[PDB]
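Visitor: Here's a structure for you.
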Amino acid sequence: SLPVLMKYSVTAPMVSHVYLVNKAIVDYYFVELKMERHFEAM
Amino acid sequence: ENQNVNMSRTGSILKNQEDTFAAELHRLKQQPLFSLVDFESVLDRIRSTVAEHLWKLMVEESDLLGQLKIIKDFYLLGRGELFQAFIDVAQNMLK
């Protein structure tokens with residue numbers, strides 16, 4: 001009924017997939033950096 | 001909308017209040033006239049189911065009953081001995 005409500009229906013899927021792609025690059029940093037061992041070495 | 005979208009009051013990313021709200025919207029639209037009772041009886045339904053879901057939000061995330069006896073104990077001084085040792089020490093150097 002609202003042009004902002006159907007805007008809000010596309011909105012949270014567009015919030016959901018960016019957080020789904022953001023949770024893949026957190027895992028990709030985990031498997032390649034091994035950053036905590038480099039953090040202890042500094 | 002600021003902090004997290006699954007924490008909404010109506011149920012908007014997380015629940016299905018919205019479809020019921022949309023049905024209510026079609027019903028309200030289908031009306032050429034206006035009166036007071038039909039407008040305000042469904043002002044309950046956009047309020048009351050919304051006014052209970054945030055009550056069921058903040059119980060679990062915070063342990064509500066925890067800090068809301070703690071903040072009164074700091075101001076109304078429920079822990080009475082626990083500030084008198086402060087008062088005894090703070091007297092000797094607020095002189």
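Ligands are numbered from 1 in the order shown, chains are lettered A, B, ... in the order of the structure tokens, and residues start at 1 in each chain.
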Select, as a JSON list (two decimals) with N, CA, C and O atoms, in the first residue's frame, those residues of chain A with any atom no more than 12 Å from chain B (distances computed using only C-alpha atoms).
Guide:
```
[["chain", "number", "residue", "atom", "x", "y", "z"],
["A", 1, "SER", "N", 0.83, -1.20, 0.00],
["A", 1, "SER", "CA", 0.00, 0.00, 0.00],
["A", 1, "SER", "C", 0.86, 1.25, 0.00],
["A", 1, "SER", "O", 0.40, 2.34, -0.34],
["A", 2, "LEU", "N", 2.13, 1.08, 0.38],
["A", 2, "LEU", "CA", 3.06, 2.18, 0.52],
["A", 2, "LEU", "C", 4.24, 2.00, -0.43],
["A", 2, "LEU", "O", 4.74, 0.89, -0.59],
["A", 5, "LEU", "N", 7.00, 0.88, 1.94],
["A", 5, "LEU", "CA", 6.89, -0.45, 2.53],
["A", 5, "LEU", "C", 7.41, -1.53, 1.59],
["A", 5, "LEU", "O", 8.13, -2.44, 2.02],
["A", 6, "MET", "N", 7.05, -1.45, 0.30],
["A", 6, "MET", "CA", 7.65, -2.36, -0.67],
["A", 6, "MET", "C", 9.12, -2.03, -0.90],
["A", 6, "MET", "O", 9.90, -2.91, -1.28],
["A", 8, "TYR", "N", 10.84, -1.16, 1.76],
["A", 8, "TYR", "CA", 11.35, -1.85, 2.93],
["A", 8, "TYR", "C", 11.30, -3.37, 2.80],
["A", 8, "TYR", "O", 11.93, -4.07, 3.61],
["A", 9, "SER", "N", 10.58, -3.91, 1.81],
["A", 9, "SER", "CA", 10.56, -5.36, 1.60],
["A", 9, "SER", "C", 11.75, -5.83, 0.77],
["A", 9, "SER", "O", 12.18, -6.98, 0.91],
["A", 10, "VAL", "N", 12.27, -4.96, -0.10],
["A", 10, "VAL", "CA", 13.52, -5.25, -0.81],
["A", 10, "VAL", "C", 14.71, -4.94, 0.09],
["A", 10, "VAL", "O", 15.80, -5.49, -0.12],
["A", 11, "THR", "N", 14.49, -4.15, 1.14],
["A", 11, "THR", "CA", 15.58, -3.51, 1.88],
["A", 11, "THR", "C", 16.34, -4.52, 2.74],
["A", 11, "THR", "O", 17.57, -4.58, 2.69],
["A", 12, "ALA", "N", 15.61, -5.32, 3.53],
["A", 12, "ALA", "CA", 16.23, -6.27, 4.45],
["A", 12, "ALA", "C", 16.79, -7.51, 3.76],
["A", 12, "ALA", "O", 17.76, -8.08, 4.28],
["A", 13, "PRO", "N", 16.21, -8.02, 2.65],
["A", 13, "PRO", "CA", 17.00, -8.93, 1.79],
["A", 13, "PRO", "C", 18.31, -8.32, 1.30],
["A", 13, "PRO", "O", 19.32, -9.03, 1.22],
["A", 14, "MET", "N", 18.32, -7.03, 0.98],
["A", 14, "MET", "CA", 19.57, -6.39, 0.61],
["A", 14, "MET", "C", 20.45, -6.13, 1.82],
["A", 14, "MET", "O", 21.65, -5.87, 1.65],
["A", 15, "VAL", "N", 19.89, -6.16, 3.03],
["A", 15, "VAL", "CA", 20.70, -6.20, 4.24],
["A", 15, "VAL", "C", 21.15, -7.64, 4.52],
["A", 15, "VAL", "O", 22.26, -7.87, 5.01],
["A", 16, "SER", "N", 20.33, -8.63, 4.16],
["A", 16, "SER", "CA", 20.66, -10.01, 4.47],
["A", 16, "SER", "C", 21.78, -10.56, 3.59],
["A", 16, "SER", "O", 22.64, -11.31, 4.07],
["A", 19, "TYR", "N", 25.35, -9.08, 4.44],
["A", 19, "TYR", "CA", 25.87, -9.72, 5.64],
["A", 19, "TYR", "C", 26.25, -11.17, 5.37],
["A", 19, "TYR", "O", 27.10, -11.73, 6.06]]
```
Visitor: Write down as number ranges by chain the residues belonging to chain B that are assigned helix (DSSP H, G or I) by DSSP computed on the backbone.
Guide: B: 5-7, 17-29, 37-41, 48-53, 55-62, 64-75, 81-91
